[PDB]
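Visitor: What follows is model.cif, mmCIF, C-alpha atoms; chains and numbers go by the auth columns.
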```cif
data_protein
loop_
_atom_site.group_PDB
_atom_site.id
_atom_site.type_symbol
_atom_site.label_atom_id
_atom_site.label_comp_id
_atom_site.label_asym_id
_atom_site.label_seq_id
_atom_site.Cartn_x
_atom_site.Cartn_y
_atom_site.Cartn_z
_atom_site.B_iso_or_equiv
_atom_site.auth_seq_id
_atom_site.auth_asym_id
ATOM 1 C CA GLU A 1 -23.678 -20.240 21.416 0.00 1 P
ATOM 2 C CA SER A 2 -21.560 -17.661 23.249 0.00 2 P
ATOM 3 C CA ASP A 3 -19.422 -14.886 21.824 0.00 3 P
ATOM 4 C CA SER A 4 -15.715 -15.522 22.167 0.00 4 P
ATOM 5 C CA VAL A 5 -14.425 -14.340 18.815 0.00 5 P
ATOM 6 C CA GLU A 6 -12.985 -11.209 20.318 0.00 6 P
ATOM 7 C CA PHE A 7 -11.511 -13.239 23.115 0.00 7 P
ATOM 8 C CA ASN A 8 -9.573 -15.164 20.489 0.00 8 P
ATOM 9 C CA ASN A 9 -8.672 -11.899 18.798 0.00 9 P
ATOM 10 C CA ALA A 10 -7.033 -11.023 22.088 0.00 10 P
ATOM 11 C CA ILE A 11 -5.398 -14.451 22.294 0.00 11 P
ATOM 12 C CA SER A 12 -4.033 -14.184 18.776 0.00 12 P
ATOM 13 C CA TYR A 13 -2.614 -10.784 19.659 0.00 13 P
ATOM 14 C CA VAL A 14 -0.919 -11.906 22.879 0.00 14 P
ATOM 15 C CA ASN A 15 0.363 -14.985 21.130 0.00 15 P
ATOM 16 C CA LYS A 16 1.733 -12.829 18.304 0.00 16 P
ATOM 17 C CA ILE A 17 3.387 -10.589 20.889 0.00 17 P
ATOM 18 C CA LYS A 18 4.880 -13.606 22.625 0.00 18 P
ATOM 19 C CA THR A 19 6.041 -15.084 19.330 0.00 19 P
ATOM 20 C CA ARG A 20 7.694 -11.881 18.151 0.00 20 P
ATOM 21 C CA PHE A 21 9.251 -11.104 21.517 0.00 21 P
ATOM 22 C CA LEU A 22 11.439 -14.188 21.567 0.00 22 P
ATOM 23 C CA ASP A 23 14.504 -12.016 21.340 0.00 23 P
ATOM 24 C CA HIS A 24 13.018 -10.056 24.201 0.00 24 P
ATOM 25 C CA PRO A 25 11.648 -12.277 26.966 0.00 25 P
ATOM 26 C CA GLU A 26 11.553 -9.281 29.295 0.00 26 P
ATOM 27 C CA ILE A 27 8.606 -7.581 27.616 0.00 27 P
ATOM 28 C CA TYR A 28 6.336 -10.299 28.963 0.00 28 P
ATOM 29 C CA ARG A 29 6.982 -8.871 32.397 0.00 29 P
ATOM 30 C CA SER A 30 6.583 -5.173 31.811 0.00 30 P
ATOM 31 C CA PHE A 31 3.825 -5.116 29.185 0.00 31 P
ATOM 32 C CA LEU A 32 1.199 -6.557 31.475 0.00 32 P
ATOM 33 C CA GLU A 33 2.610 -4.739 34.483 0.00 33 P
ATOM 34 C CA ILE A 34 1.633 -1.517 32.736 0.00 34 P
ATOM 35 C CA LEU A 35 -1.869 -2.761 31.963 0.00 35 P
ATOM 36 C CA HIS A 36 -2.106 -3.884 35.589 0.00 36 P
ATOM 37 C CA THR A 37 -2.257 -0.187 36.469 0.00 37 P
ATOM 38 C CA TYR A 38 -5.274 -0.090 34.183 0.00 38 P
ATOM 39 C CA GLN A 39 -7.044 -3.256 35.250 0.00 39 P
ATOM 40 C CA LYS A 40 -6.636 -2.537 38.968 0.00 40 P
ATOM 41 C CA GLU A 41 -9.944 -0.660 39.076 0.00 41 P
ATOM 42 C CA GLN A 42 -12.137 -3.764 39.187 0.00 42 P
ATOM 43 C CA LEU A 43 -10.480 -5.054 42.335 0.00 43 P
ATOM 44 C CA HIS A 44 -9.685 -1.666 43.855 0.00 44 P
ATOM 45 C CA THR A 45 -13.236 -0.589 44.605 0.00 45 P
ATOM 46 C CA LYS A 46 -15.800 -2.294 46.789 0.00 46 P
ATOM 47 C CA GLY A 47 -18.412 -1.764 44.139 0.00 47 P
ATOM 48 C CA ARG A 48 -18.228 -0.098 40.770 0.00 48 P
ATOM 49 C CA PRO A 49 -15.796 -0.399 37.896 0.00 49 P
ATOM 50 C CA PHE A 50 -13.746 2.537 36.681 0.00 50 P
ATOM 51 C CA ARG A 51 -11.489 3.602 33.832 0.00 51 P
ATOM 52 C CA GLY A 52 -8.178 2.982 35.562 0.00 52 P
ATOM 53 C CA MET A 53 -6.230 5.958 34.291 0.00 53 P
ATOM 54 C CA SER A 54 -5.954 7.667 30.928 0.00 54 P
ATOM 55 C CA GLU A 55 -5.905 5.189 28.054 0.00 55 P
ATOM 56 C CA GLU A 56 -3.135 7.245 26.500 0.00 56 P
ATOM 57 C CA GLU A 57 -0.692 6.394 29.286 0.00 57 P
ATOM 58 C CA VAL A 58 -1.018 2.654 29.142 0.00 58 P
ATOM 59 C CA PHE A 59 -0.452 2.978 25.456 0.00 59 P
ATOM 60 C CA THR A 60 2.512 5.313 25.961 0.00 60 P
ATOM 61 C CA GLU A 61 4.449 2.849 28.052 0.00 61 P
ATOM 62 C CA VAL A 62 3.782 -0.255 25.909 0.00 62 P
ATOM 63 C CA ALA A 63 4.997 1.672 22.897 0.00 63 P
ATOM 64 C CA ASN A 64 8.451 2.123 24.343 0.00 64 P
ATOM 65 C CA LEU A 65 8.687 -1.586 25.060 0.00 65 P
ATOM 66 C CA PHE A 66 7.477 -2.718 21.689 0.00 66 P
ATOM 67 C CA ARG A 67 9.250 0.001 19.763 0.00 67 P
ATOM 68 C CA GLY A 68 9.850 -0.620 16.108 0.00 68 P
ATOM 69 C CA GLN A 69 6.591 -2.504 15.746 0.00 69 P
ATOM 70 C CA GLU A 70 3.741 -0.113 15.052 0.00 70 P
ATOM 71 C CA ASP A 71 1.610 -2.984 13.763 0.00 71 P
ATOM 72 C CA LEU A 72 1.119 -4.329 17.255 0.00 72 P
ATOM 73 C CA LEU A 73 -0.202 -0.985 18.524 0.00 73 P
ATOM 74 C CA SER A 74 -2.566 -1.095 15.600 0.00 74 P
ATOM 75 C CA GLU A 75 -4.293 -4.078 17.152 0.00 75 P
ATOM 76 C CA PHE A 76 -4.029 -2.398 20.539 0.00 76 P
ATOM 77 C CA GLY A 77 -6.500 0.144 19.207 0.00 77 P
ATOM 78 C CA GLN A 78 -9.280 -2.425 19.332 0.00 78 P
ATOM 79 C CA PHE A 79 -8.958 -2.767 23.077 0.00 79 P
ATOM 80 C CA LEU A 80 -9.151 0.976 23.415 0.00 80 P
ATOM 81 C CA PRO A 81 -12.782 2.026 23.254 0.00 81 P
ATOM 82 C CA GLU A 82 -12.598 5.406 21.565 0.00 82 P
ATOM 83 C CA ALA A 83 -14.785 6.193 18.591 0.00 83 P
ATOM 84 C CA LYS A 84 -14.983 2.936 16.676 0.00 84 P
ATOM 85 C CA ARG A 85 -14.564 3.982 13.072 0.00 85 P
ATOM 86 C CA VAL B 1 -18.654 -6.587 22.861 0.00 1 H
ATOM 87 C CA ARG B 2 -16.115 -6.511 25.661 0.00 2 H
ATOM 88 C CA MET B 3 -12.983 -5.315 23.915 0.00 3 H
ATOM 89 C CA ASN B 4 -11.274 -3.390 26.666 0.00 4 H
ATOM 90 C CA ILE B 5 -7.710 -3.688 27.957 0.00 5 H
ATOM 91 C CA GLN B 6 -9.022 -6.185 30.489 0.00 6 H
ATOM 92 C CA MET B 7 -8.830 -8.688 27.649 0.00 7 H
ATOM 93 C CA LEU B 8 -5.042 -8.478 27.584 0.00 8 H
ATOM 94 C CA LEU B 9 -4.628 -9.554 31.184 0.00 9 H
ATOM 95 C CA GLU B 10 -7.220 -12.232 30.526 0.00 10 H
ATOM 96 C CA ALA B 11 -5.588 -13.538 27.367 0.00 11 H
ATOM 97 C CA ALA B 12 -2.196 -13.464 29.059 0.00 12 H
ATOM 98 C CA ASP B 13 -3.170 -15.478 32.125 0.00 13 H
ATOM 99 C CA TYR B 14 -5.114 -17.802 29.861 0.00 14 H
ATOM 100 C CA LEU B 15 -2.115 -18.384 27.613 0.00 15 H
ATOM 101 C CA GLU B 16 0.245 -18.930 30.541 0.00 16 H
ATOM 102 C CA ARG B 17 -2.074 -21.614 31.861 0.00 17 H
ATOM 103 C CA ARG B 18 -2.599 -23.097 28.402 0.00 18 H
ATOM 104 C CA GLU B 19 1.046 -24.071 28.079 0.00 19 H
ATOM 105 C CA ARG B 20 0.864 -25.938 31.368 0.00 20 H
ATOM 106 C CA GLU B 21 -2.336 -27.678 30.295 0.00 21 H
ATOM 107 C CA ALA B 22 -0.712 -28.910 27.106 0.00 22 H
ATOM 108 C CA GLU B 23 2.140 -30.893 28.632 0.00 23 H
ATOM 109 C CA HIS B 24 0.106 -33.512 30.468 0.00 24 H
#
```
Rewrite the structure of this file - the entire thing - as structure tokens.

Guide:
Amino acid sequence: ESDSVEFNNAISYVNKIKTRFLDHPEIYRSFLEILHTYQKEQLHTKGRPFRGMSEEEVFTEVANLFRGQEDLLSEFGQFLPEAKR
Amino acid sequence: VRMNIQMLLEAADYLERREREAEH
């Protein structure tokens, strides 16, 4: 049947981000730009995947962009594989 | 279970393309 629930959980998040940042159309540039430092790994090597950087940094930047809304970074925590509790 | 930050760049490019799909 194929698992794409968590895909849609990502969609719903991005769509929420895009819907709340209507006053701020600029965030849609810089948000992903920061995660592009993360995601780079997959295309950077000629072989294995990596971690990118420290998961704390990619967080750190996005927080300054989004600032005021802690509830978004709450959902960001899903996409950070830490402990899972 | 593939919930990594990779999903955000996936969901973003997906959603960009989705708007353009919708117009027809």

Visitor: Any idea which chain P residues end up within 6 Å of chain H if we count only C-alpha atoms, as a CSV table (one decimal) with C-alpha atoms, in the frame of the given file please?

Guide:
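Contents of out13.csv, freshly written:
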```
chain,number,residue,atom,x,y,z
P,11,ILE,CA,-5.4,-14.5,22.3
P,39,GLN,CA,-7.0,-3.3,35.2
P,79,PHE,CA,-9.0,-2.8,23.1
P,80,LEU,CA,-9.2,1.0,23.4
```

Visitor: Provide the CA of residue 7 in chain P to CA of residue 28 in chain P distance in Å, to one decimal place.

Guide: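 Between CA of residue 7 in chain P and CA of residue 28 in chain P the gap is 19.0 Å.
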
Visitor: Kindly give the distance, in Å, that separates CA of residue 33 in chain P and CA of residue 18 in chain P, rounded to a single decimal.

Guide: 15.0 Å

Visitor: Go ahead and compute the interatomic distance for CA of residue 40 in chain P and CA of residue 24 in chain P, in Å to one decimal.

Guide: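 CA of residue 24 in chain P lies 25.7 Å from CA of residue 40 in chain P.
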
Visitor: For each of P:50, P:31, P:38, P:21, take the minimum atom-to-atom distance to residue 64 in chain P, counting only C-alpha atoms, then give the residue where this is smallest.

Guide: P:31

Visitor: Please expand the PyMOL selection byres ((chain P and resi 55) around 10) into the concrete residues it hits in this file, giving the result as a list in words.

Guide: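 So the PyMOL selection byres ((chain P and resi 55) around 10), applied here, picks out residues 35, 38, 51, 52, 53, 54, 56, 57, 58, 59, 60, 79, 80, 81 and 82 of chain P; 5 of chain H.
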
Visitor: Find, counting only C-alpha atoms, the residue in P:22, P:6, P:72, P:62 that gets nearest to residue 36 in chain P.

Guide: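 Among P:22, P:6, P:72, P:62, it is P:62 that comes nearest to residue 36 in chain P.
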
Visitor: Extract range 29-64 of chain P from the preceding block and save N, CA and C atoms as an mmCIF file, in the first residue's frame.

Guide:
```
data_model
loop_
_atom_site.group_PDB
_atom_site.id
_atom_site.type_symbol
_atom_site.label_atom_id
_atom_site.label_comp_id
_atom_site.auth_asym_id
_atom_site.auth_seq_id
_atom_site.Cartn_x
_atom_site.Cartn_y
_atom_site.Cartn_z
ATOM 1 N N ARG P 29 12.579 31.649 1.053
ATOM 2 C CA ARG P 29 13.914 31.559 0.546
ATOM 3 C C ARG P 29 14.835 30.929 1.534
ATOM 4 N N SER P 30 14.993 31.543 2.720
ATOM 5 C CA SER P 30 16.079 31.292 3.616
ATOM 6 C C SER P 30 15.933 30.050 4.428
ATOM 7 N N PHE P 31 14.702 29.638 4.779
ATOM 8 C CA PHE P 31 14.397 28.428 5.481
ATOM 9 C C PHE P 31 15.016 27.223 4.865
ATOM 10 N N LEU P 32 14.747 26.998 3.568
ATOM 11 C CA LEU P 32 15.203 25.845 2.856
ATOM 12 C C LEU P 32 16.659 25.919 2.543
ATOM 13 N N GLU P 33 17.156 27.123 2.206
ATOM 14 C CA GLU P 33 18.539 27.459 2.076
ATOM 15 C C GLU P 33 19.416 26.992 3.185
ATOM 16 N N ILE P 34 18.956 27.101 4.444
ATOM 17 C CA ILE P 34 19.575 26.546 5.609
ATOM 18 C C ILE P 34 19.540 25.057 5.617
ATOM 19 N N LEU P 35 18.404 24.390 5.337
ATOM 20 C CA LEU P 35 18.369 22.964 5.252
ATOM 21 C C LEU P 35 19.102 22.402 4.083
ATOM 22 N N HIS P 36 19.404 23.206 3.048
ATOM 23 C CA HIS P 36 20.212 22.836 1.927
ATOM 24 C C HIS P 36 21.640 22.591 2.275
ATOM 25 N N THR P 37 22.152 23.175 3.372
ATOM 26 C CA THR P 37 23.414 22.880 3.978
ATOM 27 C C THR P 37 23.405 21.518 4.579
ATOM 28 N N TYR P 38 22.256 21.091 5.131
ATOM 29 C CA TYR P 38 22.020 19.774 5.637
ATOM 30 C C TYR P 38 22.007 18.745 4.559
ATOM 31 N N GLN P 39 21.064 18.884 3.610
ATOM 32 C CA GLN P 39 20.701 17.919 2.618
ATOM 33 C C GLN P 39 21.733 17.634 1.581
ATOM 34 N N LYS P 40 22.710 18.546 1.421
ATOM 35 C CA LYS P 40 23.847 18.518 0.555
ATOM 36 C C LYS P 40 24.599 17.235 0.476
ATOM 37 N N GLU P 41 24.782 16.560 1.626
ATOM 38 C CA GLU P 41 25.424 15.300 1.833
ATOM 39 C C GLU P 41 25.179 14.231 0.825
ATOM 40 N N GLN P 42 23.907 13.957 0.481
ATOM 41 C CA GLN P 42 23.487 12.984 -0.478
ATOM 42 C C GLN P 42 24.024 13.166 -1.856
ATOM 43 N N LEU P 43 24.256 14.420 -2.286
ATOM 44 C CA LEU P 43 24.756 14.719 -3.592
ATOM 45 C C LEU P 43 26.203 15.074 -3.571
ATOM 46 N N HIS P 44 26.803 15.264 -2.383
ATOM 47 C CA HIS P 44 28.147 15.722 -2.207
ATOM 48 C C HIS P 44 29.131 14.616 -2.377
ATOM 49 N N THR P 45 28.814 13.414 -1.861
ATOM 50 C CA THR P 45 29.646 12.255 -1.951
ATOM 51 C C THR P 45 29.496 11.566 -3.264
ATOM 52 N N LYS P 46 30.398 10.632 -3.611
ATOM 53 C CA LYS P 46 30.190 9.718 -4.693
ATOM 54 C C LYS P 46 30.004 8.365 -4.097
ATOM 55 N N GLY P 47 29.020 8.236 -3.189
ATOM 56 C CA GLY P 47 28.810 7.019 -2.470
ATOM 57 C C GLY P 47 27.841 7.157 -1.345
ATOM 58 N N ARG P 48 28.336 7.300 -0.104
ATOM 59 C CA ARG P 48 27.532 7.128 1.067
ATOM 60 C C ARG P 48 26.805 8.348 1.518
ATOM 61 N N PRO P 49 25.700 8.281 2.198
ATOM 62 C CA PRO P 49 25.111 9.419 2.843
ATOM 63 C C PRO P 49 25.819 9.833 4.087
ATOM 64 N N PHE P 50 25.508 11.025 4.627
ATOM 65 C CA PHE P 50 26.148 11.537 5.799
ATOM 66 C C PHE P 50 25.136 12.152 6.703
ATOM 67 N N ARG P 51 25.566 13.009 7.649
ATOM 68 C CA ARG P 51 24.702 13.712 8.542
ATOM 69 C C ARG P 51 24.506 15.140 8.166
ATOM 70 N N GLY P 52 25.320 15.678 7.239
ATOM 71 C CA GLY P 52 25.315 17.066 6.893
ATOM 72 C C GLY P 52 26.221 17.832 7.796
ATOM 73 N N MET P 53 25.664 18.316 8.921
ATOM 74 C CA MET P 53 26.345 19.081 9.917
ATOM 75 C C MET P 53 25.851 18.657 11.257
ATOM 76 N N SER P 54 25.787 19.553 12.258
ATOM 77 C CA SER P 54 25.096 19.284 13.481
ATOM 78 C C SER P 54 23.681 19.740 13.390
ATOM 79 N N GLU P 55 22.721 18.881 13.773
ATOM 80 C CA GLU P 55 21.310 19.104 13.691
ATOM 81 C C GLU P 55 20.840 20.296 14.451
ATOM 82 N N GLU P 56 21.578 20.671 15.512
ATOM 83 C CA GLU P 56 21.450 21.889 16.248
ATOM 84 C C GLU P 56 21.660 23.151 15.482
ATOM 85 N N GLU P 57 22.415 23.183 14.369
ATOM 86 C CA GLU P 57 22.715 24.412 13.701
ATOM 87 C C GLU P 57 21.596 24.775 12.787
ATOM 88 N N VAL P 58 21.047 23.752 12.110
ATOM 89 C CA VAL P 58 20.041 23.921 11.108
ATOM 90 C C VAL P 58 18.760 24.372 11.717
ATOM 91 N N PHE P 59 18.514 23.850 12.932
ATOM 92 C CA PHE P 59 17.582 24.341 13.899
ATOM 93 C C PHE P 59 17.811 25.765 14.276
ATOM 94 N N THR P 60 19.021 26.125 14.738
ATOM 95 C CA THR P 60 19.384 27.420 15.227
ATOM 96 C C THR P 60 19.063 28.550 14.312
ATOM 97 N N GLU P 61 19.312 28.352 13.006
ATOM 98 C CA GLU P 61 19.062 29.339 12.002
ATOM 99 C C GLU P 61 17.597 29.510 11.788
ATOM 100 N N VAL P 62 16.828 28.458 11.457
ATOM 101 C CA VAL P 62 15.412 28.450 11.254
ATOM 102 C C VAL P 62 14.611 29.109 12.324
ATOM 103 N N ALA P 63 15.105 29.030 13.572
ATOM 104 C CA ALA P 63 14.509 29.614 14.732
ATOM 105 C C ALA P 63 14.505 31.103 14.685
ATOM 106 N N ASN P 64 15.548 31.718 14.102
ATOM 107 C CA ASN P 64 15.652 33.143 14.050
ATOM 108 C C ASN P 64 14.756 33.734 13.017
#
```
